[PDB]
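In terms of PDB author numbering, the sequence shown is residues 4 to 103, 108 to 798. Note that CB positions come from ideal geometry on N, CA and C, so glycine has one too.
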Amino acid sequence: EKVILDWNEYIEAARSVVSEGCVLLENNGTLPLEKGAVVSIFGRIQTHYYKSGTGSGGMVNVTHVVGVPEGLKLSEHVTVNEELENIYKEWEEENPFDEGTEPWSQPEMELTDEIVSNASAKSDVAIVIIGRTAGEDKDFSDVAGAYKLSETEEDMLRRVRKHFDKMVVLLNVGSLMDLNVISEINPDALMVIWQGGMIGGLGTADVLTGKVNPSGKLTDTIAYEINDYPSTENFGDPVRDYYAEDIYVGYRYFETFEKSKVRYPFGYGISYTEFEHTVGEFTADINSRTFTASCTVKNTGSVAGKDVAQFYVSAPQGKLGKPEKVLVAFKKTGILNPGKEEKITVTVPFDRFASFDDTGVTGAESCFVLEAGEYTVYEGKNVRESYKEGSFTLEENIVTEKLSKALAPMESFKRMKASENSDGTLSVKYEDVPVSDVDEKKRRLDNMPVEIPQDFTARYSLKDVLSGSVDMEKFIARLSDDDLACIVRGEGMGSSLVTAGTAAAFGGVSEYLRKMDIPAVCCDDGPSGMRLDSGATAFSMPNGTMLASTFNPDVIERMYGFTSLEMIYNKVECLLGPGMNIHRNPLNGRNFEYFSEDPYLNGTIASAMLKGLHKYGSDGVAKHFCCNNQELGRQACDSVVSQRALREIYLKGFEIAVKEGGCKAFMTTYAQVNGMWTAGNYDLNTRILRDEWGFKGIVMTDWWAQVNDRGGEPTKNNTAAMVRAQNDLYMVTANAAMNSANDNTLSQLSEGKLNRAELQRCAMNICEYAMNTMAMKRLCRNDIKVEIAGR
Ligand SMILES: OC[C@H]1O[C@@H](O)[C@H](O)[C@@H](O)[C@@H]1O
């Protein structure tokens, strides 16, 4: 089989994401830009369009990046003031783009009254571009040049505001920055254009010129101040952060307790037209544990466009306490012409708005439950402007799922609690989070897998398992203790077993393993496109937050469908994404390659990406599992967090990726969750992921990540602790066959501290995964051959 990867269709797919992911925040009709307008573009970052964040998910090599000025010229709908372009060009020869550990921003060119006045005299409209990047190992700081405007950027904005009566501000940013000073200066239009990959300027020009009507929505709540965010109190400590806000993350906090601290609510975004959402039929089916809600969205303005219907549930406070509203469903309309409408119907399972009882107060400890009382469903344009769709009342609690006490905090701390005041409004009070009473050593011992007796005369290939000819158990008996100790080691970076410049090879990492037809499976960064450290080019796609802002799983899936083929072309089997850690705080540096403060949106967008990658047999690796919500101190840092917050917020997106997304590969973190490293955490990697969610796949460490037993010293070679957790793969070693990290797999096995059954389980996970990859198909000679056309 031979498949064409059409590069022009790939471009168009990515461009569609850009034009659906831009978020228009304010506009007085200055957008869209009028046909034949002359635009003056301000901001030195105009010449170096941020196509991505920095670090592992920002090192995609490309031949060309289309920035905003070039996008606008290629549109043929406007022209750009060339004199001002040359002023920026000539100044930049003297003040070159700093490539660094790259800085968050570039120094702005100071502007004079003469430049700005002369620009306005020869143009119809000013566009001011403020650029920010961020990423791995540095957190975004609440200072000028990072989250705040620089003094010279502010001066630029004030001068342009004075001399132009039409002003447009664009935020070419990985994550949201302070809007207070920008809002005070009061431009005529404000749009967040994120970082759109290599064709970002094309999709951005589409929305600016009106060829596409913007339809992007915020995936985070924008508060007035950094200190309004509930997590700011407990964010940015390199050693330990207590997740005291608990389930009250983002709009779960603000809509419940602090509506007046919101500038822009979750799900907010506007269009060049206006829409009217009319609530429709509502039914509930308690026996099936679903409800069905309908509404109609009508374009009531004068230009075609899409809108998003967003559905929320208000649960009764009960004994647990609840956020006012939780997102349970959304649907983006087709393009609606003026005066036309679309009926949207959603069926919502009760598990979308259940609560995890981690205290026992409901009578069902360690369960997801719907407490007795009234459930009100809302629909609207955003969480704030969502209106009653229907209600139903439960006279008794319904247990949606029985789970276990898992990943519980090892120390007490106080968490936020919804308290219903005398009047009936909700205030924040605090309560003690109960401590874990789980016997961890016992749990491991009681659920120990059975050893498979070894048999080295067996000549079964991995091909014989794939065809159904033999059981995986029969095959795995062939692996020696050497083979077992070797197969749990990933080799990289730049292993010679796979495409050069990628992150890792795993599976067939010795002559012996490859002789059994276990192929070398290739892993590579990242969510926004293949990072090839050989210098080879690949498609640079929009950042994760831009993807999520589309509220459009279909457009995301379509784009990653092309990535699926591109990966096969490069013989990359595992793309190291989606990044899908919750936006707990706006200052986390890696927010650009994650999706949302909301777990449902997070899991739904992740799943769309995975479905895309699955189209032609490629795959993603969900990361970082879990609670890597802060870059500072991420090697040592301990996230202290309640079971409920884990179950409803931080794990929830990952759960969705497994059950809806078909996720079969996970990456753990550099850090600790509840007092041990995640790579050695049994509750995370076995109890929750496998035994409760039913995940069938592989777990790998983060690259050169530390591992420990609870209480013990962290090291980059405690592979025994890793295998005891069912974290299947240590990424990475320079030479896996030679044990170049000097790991303790065999010595622990020798001492009876690691059981061979545990190694065998990991080996089976690895082989089961490996045999369904395109690398196996290359051995079997039935892989897809890809040819790139259109270039
Ligand atoms: O590049 C391989 C890995 O490196 C680590 O530093 C990052 O945390 C991961 O996100 C990445 O996938």
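Ordered along the chain, which non-local residues of its own chain (more than five positions away) have a Cβ less than 7 Å from that of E109? A distance below 7 Å between beta-carbons, with the five flanking residues on each side excluded, links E109 to the following residues of its chain, in chain order: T57 and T140.
Buried or exposed, going by whether 16 or more other CB atoms sit within 10 Å of the CB of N734? So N734 counts as buried.
For ligand 1, is there a heavy atom less than 7 Å away from the beta-carbon of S238? Checking every heavy atom of ligand 1 against the Cβ of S238, none is found closer than 7 Å.
Name the DSSP bridge partner or partners of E386? As DSSP reads the structure, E386 sits in a beta bridge with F318 and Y394.
Spatial neighbours of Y236 within its chain, please: C-beta separation below 7 Å, excluding the five flanking residues on both sides. For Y236, the CB contacts under 7 Å within the same chain, skipping 5 residues up- and downstream, are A230, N592 and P593 in chain order.
Please find out if some non-hydrogen atom of ligand 1 comes closer than 7 Å to the beta-carbon of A16. The answer is no for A16.
So what does DSSP say about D9, is it helix, strand or coil? The three-state reading of DSSP puts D9 in strand, counting E and B together.
Can we count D532 as close to ligand 1, meaning its CB is less than 7 Å from some heavy atom? Yes.
What's the C-alpha gap between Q202 and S614? Computed Cα separation, rounded: 21 Å.
Beta carbon of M417 nearer than 8 Å to that of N772: Not closer than 8 Å, so no.
Contact belief for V199 with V175 at Cβ below 8 Å, rounded distance in angstroms: Not really, about 12 Å apart at Cβ, beyond 8 Å.
Whose C-alpha, out of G325, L8 and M423, is nearest the C-alpha of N241? Checking every option, the nearest Cα to that of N241 belongs to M423.
If I measure Cβ to Cβ from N550 and keep anything under 7 Å in the same chain, skipping five residues before and after, which residues do I get? For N550, where only same-chain residues beyond five positions count, the Cβ hits under 7 Å are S55, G56, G181, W201, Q202, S535, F599 and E600.
Comparing the CB of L27 with every heavy atom of ligand 1, is any distance shorter than 7 Å? Relative to the non-hydrogen atoms of ligand 1, the Cβ of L27 never comes closer than 7 Å to any of them.
Where does the unbroken alpha helix (DSSP H) through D213 begin, and where does it stop? Counting along the chain, the alpha helix (DSSP H) containing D213 begins and ends at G207 to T216.
One question on the structure: do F602 and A555 come within less than 8 Å of each other, judged by their Cβ atoms? A contact, by the Cβ cut-off of 8 Å.
With DSSP collapsed to three states, give me the class of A770. Three-state DSSP puts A770 in a helix.
Do you know how far the Cα of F360 is from the Cα of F375? Whole-angstrom Cα-Cα distance: 9 Å.
Just grab the DSSP bridge partners of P356 for me. DSSP output for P356 lists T297 as bridge partner(s).
In chain order, what residues of the same chain lie with their CB nearer than 6 Å to the CB of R247, ignoring the 5 residues before and after it? The residues are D645.
Assuming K424 is part of the alpha helix (DSSP H), what are its boundary residues? That residue, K424, is in no alpha helix (DSSP H); its beta strand (DSSP E) goes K421 to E427.
Rounded to a whole number of angstroms, what is the C-alpha to C-alpha distance between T740 and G501? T740 and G501 have their C-alpha atoms roughly 10 Å apart.
Exposed or buried, which one is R788 when buried takes at least 16 other CB atoms within 10 Å? With fewer than 16 other Cβ atoms within 10 Å, it is exposed.
Got a sec: does ligand 1 put a non-hydrogen atom nearer than 7 Å to the Cβ of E143? Checking the Cβ of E143 against ligand 1 gives yes.
Give the secondary structure of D453 by DSSP, where H, G and I count as helix, E and B as strand, and everything else as coil. Residue state, collapsed to three classes: helix.
Which value, in whole angstroms, describes the spacing of the CA atoms of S754 and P526? C-alpha of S754 to C-alpha of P526: approximately 27 Å in a straight line.
Just checking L736 against ligand 1 - is the residue's beta carbon closer than 7 Å to any of the ligand's heavy atoms? Within the chosen limit of 7 Å, ligand 1 does not reach the beta carbon of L736 with any heavy atom.
For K305, three-class secondary structure by DSSP: Under the three-state reduction of DSSP output, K305 falls in the strand class.
What residue does the alpha helix (DSSP H) around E498 start on, and which one ends it? Not the alpha helix (DSSP H): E498 falls in the beta strand (DSSP E), residues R496 to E498.
Does ligand 3 have a heavy atom nearer than 7 Å to the CB of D709? The model on display carries ligand 1 but not ligand 3.
Within this structure, are the beta carbons of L504 and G497 separated by less than 8 Å? The Cβ atoms of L504 and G497 do not sit closer than 8 Å to each other.
Does DSSP put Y607 in a helix, a strand or coil? Reduced to three states, the DSSP call for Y607 is helix.
Excluding five sequence neighbours on each side, which residues of the same chain lie with their C-beta closer than 7 Å to the C-beta of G152? For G152, where only same-chain residues beyond five positions count, the Cβ hits under 7 Å are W111 and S112.
With respect to 7 Å, is the separation between the Cβ of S373 and the closest non-hydrogen atom of ligand 1 below this value? For ligand 1, not one heavy atom lies less than 7 Å from the Cβ of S373.
Suppose you measure from the CA of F661 to the CA of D364; what does that come to, to the nearest Å? Distance between the alpha carbons of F661 and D364: 19 Å.
Please state the DSSP three-state secondary structure of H284. It is a strand residue.
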